Amino acid sequence: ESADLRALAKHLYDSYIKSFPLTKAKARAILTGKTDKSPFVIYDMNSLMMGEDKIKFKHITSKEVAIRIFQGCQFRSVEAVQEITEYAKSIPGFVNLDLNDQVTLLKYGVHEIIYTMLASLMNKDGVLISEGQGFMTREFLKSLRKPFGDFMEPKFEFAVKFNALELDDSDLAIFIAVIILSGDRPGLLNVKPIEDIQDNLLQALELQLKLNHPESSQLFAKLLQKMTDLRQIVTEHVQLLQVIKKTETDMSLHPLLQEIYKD
Amino acid sequence: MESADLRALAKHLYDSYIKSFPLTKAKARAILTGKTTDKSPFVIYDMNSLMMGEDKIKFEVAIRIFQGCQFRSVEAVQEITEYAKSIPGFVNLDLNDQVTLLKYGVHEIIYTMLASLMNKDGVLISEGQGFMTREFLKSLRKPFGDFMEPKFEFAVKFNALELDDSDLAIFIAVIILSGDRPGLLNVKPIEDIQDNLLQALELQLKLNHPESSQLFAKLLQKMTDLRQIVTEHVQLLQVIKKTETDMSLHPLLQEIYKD
Ligand SMILES: O=C(O)c1ccc(-c2nn(C(=O)c3c(Cl)cccc3C(F)(F)F)c3ccc(Cl)cc23)cc1OCc1ccccc1
Ligand SMILES: O=C(O)c1ccc(-c2nn(C(=O)c3c(Cl)cccc3C(F)(F)F)c3ccc(Cl)cc23)cc1OCc1ccccc1
């Protein structure tokens, strides 16, 4: 079944490339400076104002900067959820699961996958925006006022550690599939076929990492250990959103917009 | 990194685990499953049978049981510390990192090893001479009842893997040698030791559970559930501290929980 796992790896890679707008391979070329197309840099309040007049960043509807950026992260996350939902359908076996378990697996997986894939857009100095056309500095995000500064920095701290593994897109395509097919999500009705699919994906990821990183000792194990850190930081993440809700009375969104963002 | 060396490391760790921990999973399972006259535990299921139990096993009620667990936890810390010293390379690490690895490792290991003493109905106590029912523990008053039950929820799931003692010996070693503990000074020599231990665990699980697909991955995923439950534990212990001044902690546990 060696050729079967490679077929599964290639299938997921092809789908991952079609599902997501900015791949890791492309994002790294932008971040490192390796075919022109130099991104607009947002490093302070003035260059943010000019950036939405030039890039027209899809986040301009509160007048306060820190809130507008925070809500920007929400808008992009809602888009990522739909992209991840579309990608999940290409995982062999997923659409044949009970419909409620599909919803459940997506509901509890999307946060871990967004964190994971956000690392692809990050280095220690900042993050790509607008499909790589802009670059927002870490220092500017970290220095946002009151809770917002400390809301952004944990994402960078995770990404820097996760990126030391040096996964590429063909590695990440299987890893993301493994996260989705987690048989311990609360409320699953039929755990057995989810775990059976995840076992196939784990075999595929194990073989992929040996062939693509033959010199990287116990990388498979190290990546599974990261699925630990993910459960933890997603939990911290949610407890940070709750504090913003109870503290900040300037989060006035139209009730309909609030409904779009409810998750 | 080569097979005979990985098998040699597995045998070393199992041999040392048997020397360090007096009540193995193999012994606990023989006691739990029964059909043996000689190894039958006295069963504590209510207040009256607890009273008779201290006359037989020589083992406020909720406090006395909590205090019972602390005493055994301190002994467990001692046993785990002794085992850690046998892990090749551990004592050669920077002394501050040895402390750090134990500080954050003992709790995850106690939980792991407590599963060996448990089934869905209760837990062995007093080196297997007693068995305290889950329902009795769960029904202890105020915060103490809900303090015991998460251990059982984990053990039922962990025990579904059907690991034996030779498996757990390497798994416990992998937990201790975690390079992501806060405050470590030299991550690299710890990660090199864990890499050998992970190679050793991977091969051990393939040879000992050849029909158990991706058991390695499933066991590493369990180190997730451990990290979470240790967190819930300390958050419950903190609430007990604010309510109960009629109890103190052993200085060893006290230092372990500081930060
Ligand atoms: O383009 C992308 O793929 C992209 C995806 C996510 C983010 C982003 N989310 N986020 C979350 O707090 C989050 C996560 Cl992690 C998970 C679930 C839900 C949320 C949220 F709460 F938002 F609903 C961030 C926090 C800090 C920074 Cl730095 C970026 C993000 C950004 C993306 O693209 C880069 C970007 C950066 C700023 C604004 C817009 C886009
Ligand atoms: O014999 C053993 O090896 C053994 C070890 C641990 C426990 C046990 N600890 N505990 C902790 O709340 C704990 C932990 Cl996990 C870690 C650190 C500190 C503490 C504490 F809070 F105490 F400071 C429990 C909670 C519920 C149950 Cl069910 C058992 C335990 C029991 C052991 O043996 C079985 C046993 C059970 C009751 C009494 C005596 C012995």
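Reckoned from all heavy atoms, side chains included, excluding hydrogens, waters and symmetry mates. Ligands are counted one by one from 1 in listed order, and the atoms in each one are counted from 1 as well. In what follows, every chain begins at residue 1, and chains take the letters A, B, ... in the order their sequences are listed.
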Enquirer: Counting only heavy atoms, which portion of B:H107 has something under 4.0 Å from ligand 2: side chain, backbone, both, or neither?
Expert: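 Side chain only; the backbone of B:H107 stays clear of ligand 2.
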
Enquirer: Whether A:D184 and A:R231 form a salt bridge (side-chain N of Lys/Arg under 4.0 Å from carboxylate O of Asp/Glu) is what I want to check.
Expert: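 A:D184 and A:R231: salt-bridged.
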
Enquirer: Check whether any side-chain heavy atom of B:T133 sits under 4.5 Å from a side-chain heavy atom of B:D121, and report yes or no.
Expert: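 Answer no - side chains too far apart.
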
Enquirer: Between A:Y115 and A:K155, is any pair of side-chain heavy atoms under 4.5 Å apart?
Expert: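 Yes, close enough: below the 4.5 Å cut-off.
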
Enquirer: Which is closest to atom 29 (C) of ligand 2 in terms of heavy atoms, B:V77, B:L137, B:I125, B:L114?
Expert: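 Result: the heavy atom closest to atom 29 (C) of ligand 2 is in B:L114.
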
Enquirer: For B:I110, take its heavy atoms, then give the atoms of ligand 2 lying under 4.0 Å from any of them.
Expert: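 Numbered from 1, ligand 2 contributes 6 (C), 15 (Cl).
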
Enquirer: So, are A:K24 and A:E166 salt-bridged, with charged N and O less than 4.0 Å apart?
Expert: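 Result for this pair is no, no salt bridge flagged.
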
Enquirer: Show me which atoms of ligand 2 lie under 4.0 Å from any heavy atom of B:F66.
Expert: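 So the answer, numbered in order with elements, is 21 (F).
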
Enquirer: If hydrogens are left out, which of A:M117, A:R76, A:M122 has an atom nearest to atom 1 (O) of ligand 1, that is, the closest non-hydrogen atom?
Expert: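 Nearest option to atom 1 (O) of ligand 1, by heavy atoms: A:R76.
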
Enquirer: Salt bridge check: are B:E79 and B:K85 linked by an N-O gap of less than 4.0 Å?
Expert: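 Salt bridge absent between B:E79 and B:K85.
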
Enquirer: Between A:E64 and A:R145, does at least one N-O distance fall below 4.0 Å, as a salt bridge requires?
Expert: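 Salt bridge present between A:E64 and A:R145.
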
Enquirer: Any ion pair linking B:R181 and B:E108 (charged N to carboxylate O, less than 4.0 Å)?
Expert: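 Between B:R181 and B:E108 there is a salt bridge, with a charged N closer than 4.0 Å to a carboxylate O.
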
Enquirer: Do B:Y17 and B:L168 touch side chain to side chain, with heavy atoms closer than 4.5 Å?
Expert: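 They are in contact (side-chain heavy atoms under 4.5 Å apart), so the answer is yes.
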
Enquirer: Heavy atom of A:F151 under 4.0 Å from ligand 1?
Expert: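 Flag set, A:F151 near ligand 1.
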
Enquirer: Between B:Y257 and B:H233, what is the ring plane arrangement, given parallel below 30°, perpendicular above 60°, and tilted in between?
Expert: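 Plane angle between 30° and 60°, so tilted.
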
Enquirer: Looking at side-chain heavy atoms only, is the closest gap between B:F66 and B:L140 below 4.5 Å?
Expert: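 Contact flag for B:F66/B:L140 side chains = no.
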
Enquirer: Quick one: which ligand 2 atoms are inside 4.0 Å of a heavy atom on B:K151?
Expert: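 Near B:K151, meaning under 4.0 Å from one of its heavy atoms, ligand 2 has 25 (C).
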
Enquirer: Check whether any heavy atom of B:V106 sits under 4.0 Å from an atom of ligand 2.
Expert: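 In this structure, B:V106 fails to qualify as a contact of ligand 2 - no heavy atom is under 4.0 Å.
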
Enquirer: Using a 4.0 Å cutoff against the non-hydrogen atoms of B:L253, which atoms of ligand 2 qualify?
Expert: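 Within the 4.0 Å cut-off of B:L253, ligand 2 contributes 23 (F).
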
Enquirer: Using a 4.0 Å cutoff against the non-hydrogen atoms of A:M152, which atoms of ligand 1 qualify?
Expert: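 Those of ligand 1 that fall under 4.0 Å from A:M152 are 26 (C).
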
Enquirer: How does A:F75 reach ligand 1, if at all, at less than 4.0 Å between non-hydrogen atoms: by side chain, backbone, both, or neither?
Expert: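 The answer is neither.
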
Enquirer: With heavy atoms only and a cut-off of under 4.0 Å, state how B:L249 meets ligand 2: side chain, backbone, both or neither.
Expert: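 Under 4.0 Å from ligand 2, B:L249 contributes no heavy atoms.
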
Enquirer: Given that the side chain starts at C-beta and the backbone is N, CA, C, O, which of these parts of B:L117 lies under 4.0 Å from ligand 2, counting heavy atoms, or is it both or neither?
Expert: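 It is the side chain that gets close, since no backbone atom is under 4.0 Å.
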
Enquirer: Where on B:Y111 is there a heavy atom closer than 4.0 Å to ligand 2, on the side chain, on the backbone, on both, or on neither?
Expert: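 Looking at B:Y111 and ligand 2, just side chain atoms fall under 4.0 Å.
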
Enquirer: Under 4.0 Å from a heavy atom of A:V127: which atoms of ligand 1 are those, numbered in the order shown and with their elements?
Expert: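 That gives atoms 34 (C) of ligand 1.
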
Enquirer: Using the six-membered ring wherever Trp is involved, compare the ring planes of A:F20 and A:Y87 and label them parallel, tilted or perpendicular (cut-offs 30° and 60°).
Expert: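 Judged by the thresholds at 30° and 60°, the geometry between A:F20 and A:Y87 is tilted.
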
Enquirer: Check whether any side-chain N or O of A:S143 sits under 3.5 Å from a backbone N or O of A:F140 as a donor-acceptor pair, and report yes or no.
Expert: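 Looks like yes, one N/O pair under 3.5 Å.
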
Enquirer: Would you tell me which option among B:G122, B:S126, B:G68, B:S73 has the nearest heavy-atom contact to atom 6 (C) of ligand 2?
Expert: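 Shortest heavy-atom distance from atom 6 (C) of ligand 2: B:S73.
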
Enquirer: I'd like to know if A:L22 contacts ligand 1, where contact means a heavy-atom distance under 4.0 Å to any ligand atom.
Expert: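 For ligand 1, residue contact (heavy atoms, under 4.0 Å) with A:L22 is absent.
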
Enquirer: Suppose I only count heavy atoms of B:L124 and a 4.0 Å limit; which atoms of ligand 2 are within that range?
Expert: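 Listed by number with element: 34 (C).
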
Enquirer: May I ask whether A:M136 places a heavy atom under 4.0 Å from ligand 1?
Expert: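 Under 4.0 Å: no for A:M136.
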
Enquirer: Do B:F154 and B:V156 come within less than 4.5 Å of each other through their side chains, counting heavy atoms only?
Expert: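 Counting from C-beta outward, B:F154 and B:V156 never come under 4.5 Å.
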
Enquirer: Are B:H250 and ligand 2 in contact, using a heavy-atom cut-off of under 4.0 Å?
Expert: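 No heavy atom of B:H250 comes that close to ligand 2.
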
Enquirer: Of the backbone atoms (N, CA, C, O) and the side-chain heavy atoms from C-beta on, which set of A:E79 has a member under 4.0 Å from an atom of ligand 1: side chain, backbone, both, or neither?
Expert: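 Neither; no heavy atom under 4.0 Å.
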
Enquirer: Do the side chains of A:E139 and A:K142 get close enough for a salt bridge, i.e. N-O under 4.0 angstrom?
Expert: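 Not counted as a salt bridge, because no side-chain N and carboxylate O are separated by less than 4.0 Å.
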
Enquirer: Out of B:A76, B:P150, B:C69, whose heavy atom is nearest to atom 38 (C) of ligand 2?
Expert: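 Ranked by closest heavy atom to atom 38 (C) of ligand 2, first place is B:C69.
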
Enquirer: Can you tell me which portion of B:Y257 lies within the under-4.0 Å heavy-atom range of ligand 2? Options are side chain, backbone, both, or neither.
Expert: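 The answer is the side chain.
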
